[PDB]
Every structure is written in structure tokens, then in C-alpha cells.
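Asks: Below is a structure I'd like to ask you about.
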Amino acid sequence: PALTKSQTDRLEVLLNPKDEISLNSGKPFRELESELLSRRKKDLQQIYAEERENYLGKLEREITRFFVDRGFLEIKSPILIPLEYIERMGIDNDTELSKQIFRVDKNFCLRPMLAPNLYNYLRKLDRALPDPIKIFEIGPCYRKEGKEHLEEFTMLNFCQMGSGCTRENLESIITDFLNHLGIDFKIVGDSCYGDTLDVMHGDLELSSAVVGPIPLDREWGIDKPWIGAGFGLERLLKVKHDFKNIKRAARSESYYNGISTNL
Ligand SMILES: C#CCOC(=O)NCCCC[C@@H](N)C(=O)OP(=O)(O)OC[C@H]1O[C@@H](n2cnc3c(N)ncnc32)[C@H](O)[C@@H]1O
Ligand SMILES: [Mg+2]
């Protein structure tokens with residue numbers, strides 16, 4: 001008897017990218033399932049015996065090291081932010097991203113992006129720190145949203161403001177970063193300040209990057225050249241570990257380092 005679609009779905013939960021097992025050599029479902037359960041249990045046992053690190057935590061630590069070592073100040077800013085910051089980001093009450101915001105009270109929301117707090121840090125730090133100002137943050141962001149989007153995700157955003165804010169410098173930082181992580185990519189932009197660049201892995205967007213200045217800056221009291229980019233950590237993990245589904249890379253009770261916890 002052929003496997004049912006439901007049975008196949010169940011085995012796929014238990015399958016890890018490089019399992020050499022074949023789902024069509026006569027073995028009944030129960031046997032295939034039992035084999036995969038054994039393997040996934042042994043995977044968790046191995047993590048628990050040796051490293052004990054969560055991939056999302058560990059990636060955050062590796063990225064933090066990378067940016068700190070290259071002169072960028074580590075920021076930890078609020079996750080719960082004023083709703084006014086979203087409007088000030090140019091996201092109107094009729095925009096599609098406006099419908100994706102998780103509101104919390106009359107006045108607050110879960111940040112859907114790192115830009116507003118980083119804008120405020122850039123303005124504030126310009127009074128204390130020498131040119132150029134280099135900062136980054138990694139942490140949770142939220143958007144009401146498939147196989148590439150999560151409602152709860154983790155962004156890296158880095159910024160430089162003042163001298164050296166060129167397209168070439170931005171591309172070089174992106175290039176050093178992803179070659180450090182071991183992640184294949186191409187940078188796409190219309191090749192003729194103002195530019196947005198997409199960092200792609202095949203069809204998957206890893207990042208949107210901006211060469212400022214842009215008109216939005218004045219809303220935030222910023223009037224200097226700047227460059228920056230945001231990367232989703234769950235996307236980076238998905239690519240690095242070859243997960244078929246991004247939910248395997250997320251904060252989750254169903255997956256641990258891309259291993260099913262329903263065993
Ligand atoms: C001060 C200052 C200025 O600083 C800056 O603003 N500097 C320039 C950075 C601007 C770009 C960026 N920061 C941005 O605005 O969000 P995005 O919608 O473009 O998506 C960014 C990335 O987040 C991930 N991502 C987004 N949505 C999701 C999701 N639902 N699930 C998983 N991953 C996601 C994914 O990797 C995507 O490519
Ligand atoms: Mg984008």
C-alpha cells in the first residue's frame with residue numbers, strides 16, 4: 001500500500017535535510033516512522049550531550065561578535081514601541097503594512113522593524129560619538145503575515161552614519177558578513193544615494209539594504225549620509241541548515257534546532 005498524504009506529512013515532520021532514507025522501498029509507515037523517531041531522538045540526545053546551544057541564540061551570538069569586532073555598537077532597544085513611530089515611519093492607516101501591525105494598547109505596538117529605534121539612537125549618539133556612527137541591533141520583530149514568512153521573527157539591522165556611507169561599503173559589509181556565515185547570495189539593485197538593494201538567495205530575500213540619505217530621515221532629525229541593512233535570522237538559518245520550511249528555524253515549541261519536538 002502507498003503512503004497516504006497524511007502519512008507522508010507526518011514523516012516529513014520527522015525528516016531532516018540529509019536523511020538518506022527512501023519513502024518507497026516497501027516498508028510500512030509504522031516502520032518508517034519508528035526509524036525517523038529513533039533518529040530524531042538520537043539527534044536531540046547528541047545536542048544535549050555535547051553543545052546544548054539553540055541555533056537562533058547561537059546565530060545571534062555569532063552575528064553580534066562579527067559586528068562588534070568590525071566597530072559597531074550593540075543596541076538593545078524596546079520591542080514594545082509607540083504606535084506613533086509607525087506613522088512616523090511613513091506607514092499610513094490605509095497601507096498594507098499597517099494591517100500587519102500587532103497593536104498592544106491605545107498607544108503601543110510590537111515593533112515590525114528595527115528602523116525607528118535605530119533612527120533615534122543615531123540622532124542621540126551623534127552628540128557623543130565620533131564620526132562615523134556605527135550601530136546594530138538583533139532582536140524580535142512582529143508582523144501579521146507562508147513557507148518564507150513568520151509572524152514572530154528575529155531581525156539583524158546594522159547602520160553606519162556620517163563618513164564612508166557608500167554603496168560599495170554597504171556591499172562589502174554584506175559580502176564579508178555572508179561569506180563569514182557561509183551563505184551564498186547575490187546583490188540585486190537598479191545599477192544607476194537613495195538605492196534599495198535586495199540580497200537574494202535564489203528566490204529567497206535575505207535582506208533589504210538602503211544607501212541613504214532618503215527623505216524620511218528628516219522626520220527623525222537625521223541629516224547625514226547613512227547606509228544600512230536588515231536580515232531575518234530565521235531566513236539565514238533556513239538557508240544554512242537547508243530547512244524546507246522556515247518554521248523549523250523559528251522560536252517554537254514544535255521544533256528545536258529544526259528537530260521535531262513531537263516524538
Ligand atoms: C535607523 C534606520 C534605518 O535602518 C534601515 O532601515 N536600514 C535599511 C534596512 C531596511 C530593511 C529592513 N530593515 C526592513 O525595514 O524590513 P523588510 O521588510 O525590508 O525585510 C527585511 C528582512 O527581514 C526579514 N523578514 C521580514 N519580514 C519577515 C517575516 N515576516 N518573517 C521572517 N523574516 C522576515 C527578511 O530577511 C527580510 O529580507
Ligand atoms: Mg523587503
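Within each chain, counting starts at residue 1; across the C-alpha cells, chains are named A, B, ... in the order shown, with ligands numbered 1 upward in that order.
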Using only C-alpha atoms and all ligand atoms, find each residue with an atom at most 8 Å away from ligand 2 and format the answer as a list in words.

Replies: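 Here is the list of contacting residues: residues 198, 205, 207 and 208 of chain A.
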
Asks: Check every protein, DNA and RNA residue against ligand 1, keep those with an atom at most 9 Å away (counting only C-alpha atoms and all ligand atoms), and present them as a ChimeraX atom specification.

Replies: /A:112-122,141-146,148-160,196,198-200,204-212,217,220,226-236,246,250

Asks: Compile the contact shell of residue 131 in chain A as a list in words: residues with an atom at most 8 Å away, counting only C-alpha atoms, same-chain residues fewer than 5 positions apart removed.

Replies: residues 126, 161, 162 and 163 of chain A

Asks: Measure the distance from CA of residue 111 in chain A to CA of residue 81 in chain A in Å and round it to one decimal.

Replies: 6.0 Å

Asks: DSSP on the backbone, strand (DSSP E or B) only: what residues of range 114-187 of chain A does that give? Format it as a ChimeraX atom specification.

Replies: /A:133-142,152-161,186-187

Asks: What's the separation between CA of residue 187 in chain A and CA of residue 136 in chain A, in Å to one decimal place?

Replies: 20.5 Å
